[PDB]
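Enquirer: Can you read through this structure? Questions will come right after.
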Amino acid sequence: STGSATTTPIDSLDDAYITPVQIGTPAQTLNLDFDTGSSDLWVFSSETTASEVXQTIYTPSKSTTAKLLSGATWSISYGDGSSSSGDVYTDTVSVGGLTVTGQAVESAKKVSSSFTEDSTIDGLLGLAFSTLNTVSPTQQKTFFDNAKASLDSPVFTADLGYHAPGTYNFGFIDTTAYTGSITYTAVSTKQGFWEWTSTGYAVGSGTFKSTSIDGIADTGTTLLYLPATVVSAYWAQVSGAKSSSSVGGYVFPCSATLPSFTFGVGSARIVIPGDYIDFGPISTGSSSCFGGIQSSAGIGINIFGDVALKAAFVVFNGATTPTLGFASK
Ligand SMILES: CSC[C@H](NC(=O)[C@H](Cc1ccccc1)NC(=O)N1CCOCC1)C(=O)N[C@@H](CC1CCCCC1)[C@@H](O)C(=O)OC(C)C
């Protein structure tokens, strides 16, 4: 089997991407953020504290296939400090025509304020390794892990758009979705992430510096977070750019033409167009824009978030030894 679903930016800034997911019988369609940086499929629900719901909710008592996972609970917090918790059902979950039975669907009893405040995100579908799942006492498998037995190939691909719809595919590689060839690179699962080592970078038309950058491919992070020295090298080529303590990162004049940023995948190179590194105005009508490449020093992990990933066709190869592939597009 395979599945193919359209993923859409939630807003004009490409802050996040949502993908429809059908849960239960009859299907309840929720728009979830597919997050390769976590491993829980959780949803706003009929159990969620009413004052914390503003979203489409899952109602397990309306699904004939929902089963309570007795005694199971979950609690998660994310890199941006958001959080949620609740209890656990198993149910039928379909993405893009690919159906998994017995998927753990974590039903939120409570969600943090940023979840309430974001009308467009009805929950998360985690696609990191199942060792990060937060269900206790027994961790639950991701949708991808449960699908692998039936998939035509144990892979999923992310094809995120720049201010445009894109695609998540499960079980196959669409050879018409990218140019050149895919280059694969090794993945370490020691921290549960799609963690890999970039071979280096270049700014604009300058030289490629071979410097190992250990980081994660995270569809659930908006920006590209890289080492401070790398980020400084990038913004040094933008004459108006400066770090702003009050705004919380590099800011620059919206009228600037930004250089591209190239990162290495083995011998291959992925080029992020300059425009992709313009995240957008700090407020509507501002002359100042926030940078799409920021220092990872405060997070402690380098993160190839959506600014990077949307410049590529990205293959998440979930064979027993996983690998990560990148192609230009
Ligand atoms: C240091 S990593 C910070 C990352 N969050 C983000 O990148 C959020 C995503 C978002 C945008 C709009 C609305 C809601 C959420 N954006 C954000 O913090 N931004 C601040 C900088 O300007 C750009 C937007 C994050 O926590 N990612 C989560 C998934 C994310 C899904 C959406 C809801 C909130 C949680 C996950 O990938 C994670 O924890 O990754 C860690 C392991 C790096």
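As shown in the structure tokens, the chain order sets the letters A, B, ...; within each chain, residues go from 1, and ligands are also counted from 1 in the order they appear.
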Please provide as a PyMOL selection string all residues within 12 Å of residue 28 (chain A), with the sequence filter that same-chain residues fewer than 2 positions apart are discarded (counting only C-alpha atoms).
Expert: chain A and resi 20-26+30-31+43-45+56-66+91-95+122
Enquirer: Write the residues you've just listed into a file as an mmCIF file, in the first residue's frame, and include N, CA, C and O atoms for each of them.
Expert:
data_model
loop_
_atom_site.group_PDB
_atom_site.id
_atom_site.type_symbol
_atom_site.label_atom_id
_atom_site.label_comp_id
_atom_site.auth_asym_id
_atom_site.auth_seq_id
_atom_site.Cartn_x
_atom_site.Cartn_y
_atom_site.Cartn_z
ATOM 1 N N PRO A 20 -4.349 16.648 6.423
ATOM 2 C CA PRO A 20 -5.548 15.991 6.932
ATOM 3 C C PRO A 20 -5.244 14.558 7.357
ATOM 4 O O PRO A 20 -4.504 13.841 6.658
ATOM 5 N N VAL A 21 -5.915 14.137 8.436
ATOM 6 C CA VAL A 21 -5.817 12.784 8.951
ATOM 7 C C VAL A 21 -7.222 12.324 9.286
ATOM 8 O O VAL A 21 -7.961 13.055 9.990
ATOM 9 N N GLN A 22 -7.599 11.141 8.821
ATOM 10 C CA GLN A 22 -8.887 10.577 9.150
ATOM 11 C C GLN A 22 -8.764 9.609 10.330
ATOM 12 O O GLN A 22 -7.968 8.669 10.281
ATOM 13 N N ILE A 23 -9.540 9.861 11.370
ATOM 14 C CA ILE A 23 -9.474 9.045 12.584
ATOM 15 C C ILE A 23 -10.841 8.482 12.872
ATOM 16 O O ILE A 23 -11.846 9.189 12.928
ATOM 17 N N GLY A 24 -10.905 7.159 13.111
ATOM 18 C CA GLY A 24 -12.126 6.561 13.592
ATOM 19 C C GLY A 24 -13.057 6.107 12.479
ATOM 20 O O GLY A 24 -12.789 6.228 11.274
ATOM 21 N N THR A 25 -14.200 5.572 12.944
ATOM 22 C CA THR A 25 -15.232 5.021 12.079
ATOM 23 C C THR A 25 -16.576 5.561 12.555
ATOM 24 O O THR A 25 -16.970 5.220 13.692
ATOM 25 N N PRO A 26 -17.320 6.328 11.787
ATOM 26 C CA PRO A 26 -16.903 6.924 10.520
ATOM 27 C C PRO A 26 -15.733 7.889 10.731
ATOM 28 O O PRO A 26 -15.449 8.350 11.844
ATOM 29 N N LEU A 30 -9.206 15.501 10.939
ATOM 30 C CA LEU A 30 -8.509 16.546 11.701
ATOM 31 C C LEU A 30 -7.278 16.966 10.911
ATOM 32 O O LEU A 30 -6.691 16.152 10.205
ATOM 33 N N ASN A 31 -6.880 18.224 11.022
ATOM 34 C CA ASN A 31 -5.660 18.710 10.393
ATOM 35 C C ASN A 31 -4.546 18.676 11.417
ATOM 36 O O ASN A 31 -4.554 19.435 12.388
ATOM 37 N N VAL A 43 -4.415 14.459 19.688
ATOM 38 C CA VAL A 43 -5.454 15.293 19.107
ATOM 39 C C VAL A 43 -6.234 16.051 20.186
ATOM 40 O O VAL A 43 -6.469 15.555 21.301
ATOM 41 N N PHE A 44 -6.681 17.250 19.798
ATOM 42 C CA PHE A 44 -7.819 17.874 20.499
ATOM 43 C C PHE A 44 -8.997 16.894 20.491
ATOM 44 O O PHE A 44 -9.214 16.195 19.497
ATOM 45 N N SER A 45 -9.744 16.860 21.586
ATOM 46 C CA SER A 45 -10.725 15.818 21.758
ATOM 47 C C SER A 45 -11.940 16.346 22.504
ATOM 48 O O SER A 45 -11.933 17.413 23.129
ATOM 49 N N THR A 56 -10.882 21.529 15.351
ATOM 50 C CA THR A 56 -11.728 20.344 15.178
ATOM 51 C C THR A 56 -11.259 19.267 16.161
ATOM 52 O O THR A 56 -10.062 19.073 16.336
ATOM 53 N N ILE A 57 -12.213 18.643 16.835
ATOM 54 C CA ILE A 57 -11.901 17.675 17.863
ATOM 55 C C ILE A 57 -12.282 16.250 17.431
ATOM 56 O O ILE A 57 -13.197 16.026 16.629
ATOM 57 N N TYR A 58 -11.539 15.289 18.000
ATOM 58 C CA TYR A 58 -11.846 13.868 17.923
ATOM 59 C C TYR A 58 -12.744 13.489 19.090
ATOM 60 O O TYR A 58 -12.419 13.788 20.242
ATOM 61 N N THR A 59 -13.823 12.768 18.790
ATOM 62 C CA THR A 59 -14.742 12.261 19.830
ATOM 63 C C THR A 59 -14.670 10.749 19.827
ATOM 64 O O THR A 59 -15.280 10.104 18.923
ATOM 65 N N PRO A 60 -13.942 10.101 20.729
ATOM 66 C CA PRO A 60 -13.771 8.672 20.656
ATOM 67 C C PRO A 60 -15.116 7.955 20.774
ATOM 68 O O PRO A 60 -15.279 6.891 20.152
ATOM 69 N N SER A 61 -16.076 8.470 21.526
ATOM 70 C CA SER A 61 -17.374 7.780 21.698
ATOM 71 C C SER A 61 -18.229 7.815 20.446
ATOM 72 O O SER A 61 -19.257 7.167 20.428
ATOM 73 N N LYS A 62 -17.805 8.571 19.420
ATOM 74 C CA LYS A 62 -18.484 8.510 18.145
ATOM 75 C C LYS A 62 -17.823 7.578 17.140
ATOM 76 O O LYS A 62 -18.300 7.445 16.024
ATOM 77 N N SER A 63 -16.740 6.914 17.536
ATOM 78 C CA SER A 63 -16.009 6.014 16.650
ATOM 79 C C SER A 63 -16.236 4.574 17.062
ATOM 80 O O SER A 63 -15.897 4.184 18.186
ATOM 81 N N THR A 64 -16.789 3.769 16.153
ATOM 82 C CA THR A 64 -17.085 2.388 16.524
ATOM 83 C C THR A 64 -15.823 1.551 16.692
ATOM 84 O O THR A 64 -15.894 0.459 17.296
ATOM 85 N N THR A 65 -14.717 2.003 16.149
ATOM 86 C CA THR A 65 -13.433 1.273 16.178
ATOM 87 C C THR A 65 -12.540 1.763 17.322
ATOM 88 O O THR A 65 -11.478 1.164 17.487
ATOM 89 N N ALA A 66 -12.885 2.780 18.074
ATOM 90 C CA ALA A 66 -12.057 3.275 19.163
ATOM 91 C C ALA A 66 -12.059 2.269 20.317
ATOM 92 O O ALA A 66 -13.127 1.758 20.719
ATOM 93 N N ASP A 91 -7.290 3.279 17.435
ATOM 94 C CA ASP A 91 -8.344 3.468 16.451
ATOM 95 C C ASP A 91 -7.740 3.363 15.057
ATOM 96 O O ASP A 91 -6.523 3.283 14.885
ATOM 97 N N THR A 92 -8.625 3.360 14.078
ATOM 98 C CA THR A 92 -8.224 3.331 12.673
ATOM 99 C C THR A 92 -7.830 4.745 12.231
ATOM 100 O O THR A 92 -8.598 5.694 12.440
ATOM 101 N N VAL A 93 -6.650 4.877 11.667
ATOM 102 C CA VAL A 93 -6.133 6.144 11.217
ATOM 103 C C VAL A 93 -5.709 6.021 9.751
ATOM 104 O O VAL A 93 -4.981 5.105 9.413
ATOM 105 N N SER A 94 -6.178 6.966 8.933
ATOM 106 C CA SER A 94 -5.801 6.965 7.527
ATOM 107 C C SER A 94 -5.191 8.318 7.180
ATOM 108 O O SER A 94 -5.650 9.374 7.592
ATOM 109 N N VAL A 95 -4.102 8.227 6.381
ATOM 110 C CA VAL A 95 -3.432 9.397 5.856
ATOM 111 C C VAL A 95 -3.312 9.230 4.360
ATOM 112 O O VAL A 95 -2.627 8.293 3.885
ATOM 113 N N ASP A 122 -4.992 20.945 14.818
ATOM 114 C CA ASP A 122 -5.905 20.113 15.624
ATOM 115 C C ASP A 122 -5.200 19.039 16.434
ATOM 116 O O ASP A 122 -5.808 18.274 17.155
#
Enquirer: I need the residues of region 219-308 of chain A that end up classed as helix (DSSP H, G or I) by DSSP on the backbone, written out as a list in words.
Expert: residues 228, 229, 230, 231, 232, 233, 234, 235, 274, 275, 276, 277, 306, 307 and 308 of chain A
Enquirer: Go ahead and save the residues from that selection, with N, CA and C atoms, as a tab-separated table (two decimals), in the first residue's frame.
Expert:
chain	number	residue	atom	x	y	z
A	228	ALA	N	26.36	28.97	15.95
A	228	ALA	CA	26.50	30.42	15.96
A	228	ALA	C	27.50	30.93	14.93
A	229	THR	N	28.61	30.23	14.73
A	229	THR	CA	29.62	30.71	13.81
A	229	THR	C	29.15	30.67	12.37
A	230	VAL	N	28.35	29.62	12.05
A	230	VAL	CA	27.78	29.46	10.72
A	230	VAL	C	26.76	30.54	10.43
A	231	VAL	N	25.88	30.77	11.42
A	231	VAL	CA	24.83	31.79	11.28
A	231	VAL	C	25.45	33.18	11.17
A	232	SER	N	26.49	33.45	11.95
A	232	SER	CA	27.18	34.74	11.83
A	232	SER	C	27.76	34.90	10.42
A	233	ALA	N	28.34	33.84	9.86
A	233	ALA	CA	28.92	33.91	8.52
A	233	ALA	C	27.84	34.26	7.50
A	234	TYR	N	26.63	33.72	7.67
A	234	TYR	CA	25.55	34.01	6.75
A	234	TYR	C	25.17	35.49	6.84
A	235	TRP	N	24.85	35.95	8.05
A	235	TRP	CA	24.32	37.32	8.18
A	235	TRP	C	25.39	38.38	7.96
A	274	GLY	N	17.68	32.51	-1.31
A	274	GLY	CA	17.64	33.63	-0.37
A	274	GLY	C	16.28	33.99	0.11
A	275	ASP	N	15.30	33.97	-0.79
A	275	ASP	CA	13.94	34.35	-0.41
A	275	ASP	C	13.36	33.49	0.70
A	276	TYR	N	13.78	32.23	0.75
A	276	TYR	CA	13.28	31.31	1.76
A	276	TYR	C	13.77	31.70	3.16
A	277	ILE	N	14.89	32.44	3.22
A	277	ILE	CA	15.51	32.85	4.48
A	277	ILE	C	14.90	34.16	4.96
A	306	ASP	N	11.81	23.79	8.64
A	306	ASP	CA	11.12	23.93	7.37
A	306	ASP	C	11.83	24.85	6.39
A	307	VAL	N	12.49	25.90	6.88
A	307	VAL	CA	13.28	26.75	5.95
A	307	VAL	C	14.22	25.95	5.07
A	308	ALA	N	14.90	24.96	5.70
A	308	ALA	CA	15.76	24.06	4.93
A	308	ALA	C	14.99	23.00	4.17
Enquirer: Which one is closest to ligand 1: A:165, A:206, A:280, A:325? Count only C-alpha atoms and all ligand atoms.
Expert: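 Closest candidate: A:280.
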Enquirer: Give the answer as one residue: which of A:201, A:144, A:304, A:313 has the shortest atom-to-atom distance to residue 263 (chain A), using only C-alpha atoms?
Expert: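 Among A:201, A:144, A:304, A:313, it is A:201 that comes nearest to residue 263 (chain A).
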Enquirer: Write out as a PDB file with C-alpha atoms, in the first residue's frame which residues come within 7 Å of region 125-129 of chain A when counting only C-alpha atoms, dropping same-chain ones fewer than 4 positions away.
Expert:
ATOM      1  CA  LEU A  32      -2.481  17.588  12.141  1.00  0.00           C
ATOM      2  CA  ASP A  33       1.073  18.918  12.144  1.00  0.00           C
ATOM      3  CA  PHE A  34       3.307  16.105  10.876  1.00  0.00           C
ATOM      4  CA  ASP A  35       6.324  16.405  13.152  1.00  0.00           C
ATOM      5  CA  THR A  36       9.524  14.474  12.498  1.00  0.00           C
ATOM      6  CA  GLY A  37      10.805  15.880  15.828  1.00  0.00           C
ATOM      7  CA  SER A  38       8.368  13.937  18.048  1.00  0.00           C
ATOM      8  CA  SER A  39       6.624  10.591  18.193  1.00  0.00           C
ATOM      9  CA  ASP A  40       3.110  11.079  19.534  1.00  0.00           C
ATOM     10  CA  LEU A  41      -0.105  11.217  17.508  1.00  0.00           C
ATOM     11  CA  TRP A  42      -2.303  13.358  19.775  1.00  0.00           C
ATOM     12  CA  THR A 142       4.110   5.914  15.359  1.00  0.00           C
ATOM     13  CA  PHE A 144       4.786   5.223  10.153  1.00  0.00           C
ATOM     14  CA  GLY A 192      15.284   9.228  18.854  1.00  0.00           C
ATOM     15  CA  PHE A 193      15.487  11.765  16.025  1.00  0.00           C
ATOM     16  CA  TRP A 194      16.243  11.735  12.317  1.00  0.00           C
TER      17      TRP A 194
END
Enquirer: Which of these residues is nearest to residue 314 (chain A), using only C-alpha atoms: A:267, A:260, A:211, A:157?
Expert: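 Residue with the minimum atom-to-atom distance to residue 314 (chain A): A:157.
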Enquirer: Distance table requested - region 72-157 of chain A against region 281-299 of chain A, cut-off 12 Å, only C-alpha atoms: one row per qualifying residue with the closest atom pair and its distance in Å to one decimal, ordered by chain and rising residue number, as a Markdown table.
Expert:
| residue | atom | partner | partner_atom | distance |
| --- | --- | --- | --- | --- |
| A:78 | CA | A:299 | CA | 11.3 |
| A:79 | CA | A:299 | CA | 7.6 |
| A:80 | CA | A:299 | CA | 9.2 |
| A:81 | CA | A:299 | CA | 11.2 |
Enquirer: Using only C-alpha atoms, pick whichever of A:311, A:222, A:317, A:259 has the shortest atom-to-atom distance to residue 238 (chain A).
Expert: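 That would be A:259, the residue with the smallest distance to residue 238 (chain A).
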Enquirer: Could you tell me how far CA of residue 116 (chain A) lies from CA of residue 159 (chain A), in Å and to one decimal?
Expert: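 CA of residue 159 (chain A) lies at a distance of 27.6 Å from CA of residue 116 (chain A).
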Enquirer: Could you tell me which of A:188, A:19, A:134, A:323 comes closest to residue 4 (chain A) if we count only C-alpha atoms?
Expert: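 Going through A:188, A:19, A:134, A:323 one by one, the smallest distance to residue 4 (chain A) is for A:19.
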Enquirer: Can you work out which one of A:115, A:170, A:74, A:89 has the shortest atom-to-atom distance to ligand 1, counting only C-alpha atoms and all ligand atoms?
Expert: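 Using only C-alpha atoms and all ligand atoms, the shortest distance to ligand 1 belongs to A:115.
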Enquirer: List every residue of region 29-194 of chain A that DSSP, applied to the backbone of this structure, assigns to strand (DSSP E), and report them as a compact mmCIF listing (two decimals) with N, CA, C and O atoms, in the first residue's frame.
Expert:
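What ended up in part.txt:
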# COMPACT_ATOMS: atom_id res chain seq x y z
N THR A 29 -12.13 13.86 10.32
CA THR A 29 -10.98 14.46 9.69
C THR A 29 -10.48 15.64 10.52
O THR A 29 -11.20 16.60 10.74
N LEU A 30 -9.21 15.50 10.94
CA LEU A 30 -8.51 16.55 11.70
C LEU A 30 -7.28 16.97 10.91
O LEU A 30 -6.69 16.15 10.21
N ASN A 31 -6.88 18.22 11.02
CA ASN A 31 -5.66 18.71 10.39
C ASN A 31 -4.55 18.68 11.42
O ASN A 31 -4.55 19.44 12.39
N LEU A 32 -3.57 17.79 11.19
CA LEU A 32 -2.48 17.59 12.14
C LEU A 32 -1.19 18.10 11.59
O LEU A 32 -0.93 18.11 10.39
N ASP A 33 -0.30 18.52 12.48
CA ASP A 33 1.07 18.92 12.14
C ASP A 33 1.96 17.66 12.18
O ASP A 33 2.16 17.07 13.24
N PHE A 34 2.42 17.25 11.00
CA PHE A 34 3.31 16.10 10.88
C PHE A 34 4.69 16.53 11.34
O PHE A 34 5.32 17.41 10.72
N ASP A 35 5.16 15.91 12.41
CA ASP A 35 6.32 16.41 13.15
C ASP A 35 7.39 15.31 13.24
O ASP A 35 7.28 14.40 14.06
N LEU A 41 1.05 10.79 18.29
CA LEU A 41 -0.11 11.22 17.51
C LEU A 41 -1.14 11.61 18.59
O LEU A 41 -1.70 10.72 19.23
N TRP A 42 -1.34 12.91 18.77
CA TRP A 42 -2.30 13.36 19.78
C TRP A 42 -3.20 14.39 19.13
O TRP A 42 -2.83 15.09 18.19
N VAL A 43 -4.41 14.46 19.69
CA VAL A 43 -5.45 15.29 19.11
C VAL A 43 -6.23 16.05 20.19
O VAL A 43 -6.47 15.55 21.30
N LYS A 67 -10.89 2.02 20.86
CA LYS A 67 -10.71 1.15 22.02
C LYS A 67 -9.89 1.92 23.03
O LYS A 67 -8.82 2.43 22.71
N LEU A 68 -10.31 2.00 24.28
CA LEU A 68 -9.48 2.59 25.31
C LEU A 68 -8.28 1.70 25.57
O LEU A 68 -8.39 0.48 25.73
N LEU A 69 -7.11 2.28 25.62
CA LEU A 69 -5.93 1.55 26.04
C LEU A 69 -5.86 1.68 27.56
O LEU A 69 -5.46 2.70 28.09
N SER A 70 -6.33 0.66 28.26
CA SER A 70 -6.55 0.77 29.70
C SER A 70 -5.29 1.07 30.48
O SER A 70 -4.23 0.48 30.29
N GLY A 71 -5.38 2.07 31.36
CA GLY A 71 -4.25 2.43 32.21
C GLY A 71 -3.17 3.29 31.56
O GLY A 71 -2.21 3.69 32.24
N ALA A 72 -3.31 3.60 30.28
CA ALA A 72 -2.27 4.34 29.55
C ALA A 72 -2.51 5.84 29.63
O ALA A 72 -3.62 6.33 29.43
N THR A 73 -1.42 6.60 29.86
CA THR A 73 -1.50 8.04 29.86
C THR A 73 -0.32 8.60 29.10
O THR A 73 0.66 7.88 28.83
N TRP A 74 -0.35 9.89 28.78
CA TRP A 74 0.73 10.52 28.04
C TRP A 74 0.85 11.98 28.50
O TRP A 74 -0.12 12.56 29.00
N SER A 75 2.03 12.54 28.28
CA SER A 75 2.32 13.92 28.62
C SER A 75 3.54 14.31 27.83
O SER A 75 4.58 13.61 27.92
N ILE A 76 3.46 15.40 27.11
CA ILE A 76 4.56 15.81 26.23
C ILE A 76 4.81 17.29 26.38
O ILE A 76 3.87 18.09 26.60
N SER A 77 6.06 17.68 26.18
CA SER A 77 6.38 19.08 26.00
C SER A 77 7.38 19.18 24.85
O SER A 77 8.17 18.30 24.59
N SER A 83 2.83 22.20 25.42
CA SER A 83 2.61 20.91 26.07
C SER A 83 1.17 20.49 26.01
O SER A 83 0.25 21.29 25.72
N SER A 84 0.94 19.20 26.30
CA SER A 84 -0.39 18.62 26.37
C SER A 84 -0.28 17.27 27.08
O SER A 84 0.82 16.76 27.27
N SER A 85 -1.42 16.73 27.49
CA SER A 85 -1.44 15.42 28.15
C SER A 85 -2.82 14.83 28.09
O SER A 85 -3.79 15.53 27.81
N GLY A 86 -2.95 13.52 28.38
CA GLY A 86 -4.24 12.88 28.37
C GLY A 86 -4.19 11.38 28.45
O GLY A 86 -3.28 10.81 29.09
N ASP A 87 -5.18 10.78 27.87
CA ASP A 87 -5.32 9.30 27.86
C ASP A 87 -5.24 8.79 26.44
O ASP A 87 -4.91 9.58 25.52
N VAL A 88 -5.40 7.48 26.22
CA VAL A 88 -5.02 6.86 24.96
C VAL A 88 -6.08 5.89 24.48
O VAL A 88 -6.54 5.05 25.24
N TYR A 89 -6.41 6.03 23.21
CA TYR A 89 -7.26 5.10 22.47
C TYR A 89 -6.40 4.45 21.41
O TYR A 89 -5.37 4.96 20.98
N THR A 90 -6.80 3.28 20.95
CA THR A 90 -6.39 2.80 19.63
C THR A 90 -7.58 2.95 18.69
O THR A 90 -8.73 2.79 19.09
N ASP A 91 -7.29 3.28 17.44
CA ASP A 91 -8.34 3.47 16.45
C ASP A 91 -7.74 3.36 15.06
O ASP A 91 -6.52 3.28 14.89
N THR A 92 -8.63 3.36 14.08
CA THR A 92 -8.22 3.33 12.67
C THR A 92 -7.83 4.75 12.23
O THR A 92 -8.60 5.69 12.44
N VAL A 93 -6.65 4.88 11.67
CA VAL A 93 -6.13 6.14 11.22
C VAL A 93 -5.71 6.02 9.75
O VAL A 93 -4.98 5.11 9.41
N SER A 94 -6.18 6.97 8.93
CA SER A 94 -5.80 6.97 7.53
C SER A 94 -5.19 8.32 7.18
O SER A 94 -5.65 9.37 7.59
N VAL A 95 -4.10 8.23 6.38
CA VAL A 95 -3.43 9.40 5.86
C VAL A 95 -3.31 9.23 4.36
O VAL A 95 -2.63 8.29 3.89
N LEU A 98 -3.83 5.73 2.97
CA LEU A 98 -3.11 4.66 3.67
C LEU A 98 -3.77 4.48 5.03
O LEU A 98 -3.79 5.42 5.82
N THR A 99 -4.31 3.30 5.32
CA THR A 99 -5.00 3.01 6.56
C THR A 99 -4.18 2.12 7.46
O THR A 99 -3.71 1.06 7.05
N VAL A 100 -4.07 2.50 8.71
CA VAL A 100 -3.51 1.72 9.78
C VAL A 100 -4.60 1.44 10.81
O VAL A 100 -5.30 2.33 11.26
N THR A 101 -4.76 0.18 11.20
CA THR A 101 -5.66 -0.21 12.27
C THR A 101 -4.86 -0.32 13.55
O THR A 101 -3.66 -0.59 13.56
N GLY A 102 -5.54 -0.05 14.67
CA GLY A 102 -4.89 -0.17 15.98
C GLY A 102 -3.86 0.92 16.26
O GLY A 102 -2.98 0.74 17.12
N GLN A 103 -3.94 2.06 15.61
CA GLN A 103 -3.00 3.16 15.88
C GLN A 103 -3.33 3.80 17.23
O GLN A 103 -4.50 4.12 17.48
N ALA A 104 -2.32 4.06 18.05
CA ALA A 104 -2.56 4.83 19.25
C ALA A 104 -2.86 6.29 18.89
O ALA A 104 -2.05 6.97 18.25
N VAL A 105 -4.03 6.73 19.35
CA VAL A 105 -4.51 8.10 19.23
C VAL A 105 -4.59 8.66 20.66
O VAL A 105 -5.39 8.21 21.46
N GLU A 106 -3.70 9.60 20.93
CA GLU A 106 -3.57 10.16 22.27
C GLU A 106 -4.57 11.33 22.36
O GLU A 106 -4.44 12.31 21.63
N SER A 107 -5.54 11.18 23.21
CA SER A 107 -6.61 12.16 23.36
C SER A 107 -6.27 13.13 24.45
O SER A 107 -6.03 12.75 25.60
N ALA A 108 -6.20 14.44 24.10
CA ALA A 108 -5.80 15.45 25.07
C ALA A 108 -6.93 15.71 26.08
O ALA A 108 -8.04 16.06 25.73
N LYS A 109 -6.57 15.64 27.34
CA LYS A 109 -7.39 16.16 28.42
C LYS A 109 -7.14 17.66 28.58
O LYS A 109 -8.08 18.39 28.98
N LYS A 110 -5.94 18.11 28.30
CA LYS A 110 -5.54 19.51 28.48
C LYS A 110 -4.50 19.85 27.39
O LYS A 110 -3.77 18.94 26.98
N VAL A 111 -4.46 21.10 27.00
CA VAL A 111 -3.45 21.59 26.06
C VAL A 111 -2.95 22.94 26.59
O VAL A 111 -3.68 23.66 27.27
N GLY A 123 -3.84 19.01 16.31
CA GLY A 123 -3.04 18.03 17.00
C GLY A 123 -1.79 17.75 16.13
O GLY A 123 -1.51 18.47 15.19
N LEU A 124 -1.07 16.73 16.58
CA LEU A 124 0.23 16.37 16.01
C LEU A 124 0.20 14.94 15.53
O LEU A 124 -0.45 14.08 16.14
N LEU A 125 0.98 14.67 14.50
CA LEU A 125 1.27 13.27 14.08
C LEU A 125 2.80 13.16 14.08
O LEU A 125 3.48 13.66 13.19
N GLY A 126 3.33 12.51 15.11
CA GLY A 126 4.75 12.41 15.25
C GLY A 126 5.33 11.33 14.34
O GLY A 126 4.78 10.25 14.14
N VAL A 155 9.27 3.75 3.74
CA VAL A 155 9.73 5.11 3.53
C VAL A 155 8.56 6.08 3.62
O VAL A 155 7.42 5.71 3.29
N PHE A 156 8.84 7.31 3.99
CA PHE A 156 7.91 8.40 3.71
C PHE A 156 8.76 9.57 3.19
O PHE A 156 9.94 9.65 3.42
N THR A 157 8.10 10.44 2.41
CA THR A 157 8.78 11.59 1.84
C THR A 157 8.02 12.87 2.20
O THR A 157 6.81 12.90 2.30
N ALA A 158 8.84 13.93 2.42
CA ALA A 158 8.32 15.25 2.71
C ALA A 158 8.72 16.18 1.55
O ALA A 158 9.88 16.32 1.24
N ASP A 159 7.68 16.82 1.00
CA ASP A 159 7.85 17.76 -0.09
C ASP A 159 7.09 19.03 0.29
O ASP A 159 5.97 19.23 -0.19
N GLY A 166 2.08 21.31 -0.63
CA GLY A 166 3.10 20.28 -0.83
C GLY A 166 2.47 18.91 -0.52
O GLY A 166 1.28 18.77 -0.47
N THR A 167 3.36 17.94 -0.33
CA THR A 167 2.92 16.56 -0.25
C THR A 167 3.73 15.76 0.75
O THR A 167 4.95 15.83 0.77
N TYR A 168 3.04 14.90 1.52
CA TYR A 168 3.64 13.81 2.24
C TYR A 168 3.20 12.50 1.55
O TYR A 168 1.99 12.24 1.42
N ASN A 169 4.18 11.69 1.16
CA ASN A 169 3.92 10.38 0.59
C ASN A 169 4.43 9.30 1.51
O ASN A 169 5.48 9.45 2.14
N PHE A 170 3.69 8.20 1.58
CA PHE A 170 4.08 7.05 2.38
C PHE A 170 4.20 5.84 1.42
O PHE A 170 3.24 5.52 0.69
N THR A 183 20.57 11.91 -2.66
CA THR A 183 21.74 11.44 -1.93
C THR A 183 21.30 11.10 -0.51
O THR A 183 20.66 11.93 0.17
N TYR A 184 21.66 9.92 -0.07
CA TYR A 184 21.35 9.42 1.25
C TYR A 184 22.55 9.60 2.18
O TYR A 184 23.70 9.56 1.77
N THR A 185 22.21 9.79 3.47
CA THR A 185 23.20 9.98 4.52
C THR A 185 22.78 9.25 5.76
O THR A 185 21.57 9.03 6.01
N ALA A 186 23.74 8.86 6.56
CA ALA A 186 23.48 8.01 7.72
C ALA A 186 22.66 8.75 8.77
O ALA A 186 22.83 9.96 8.99
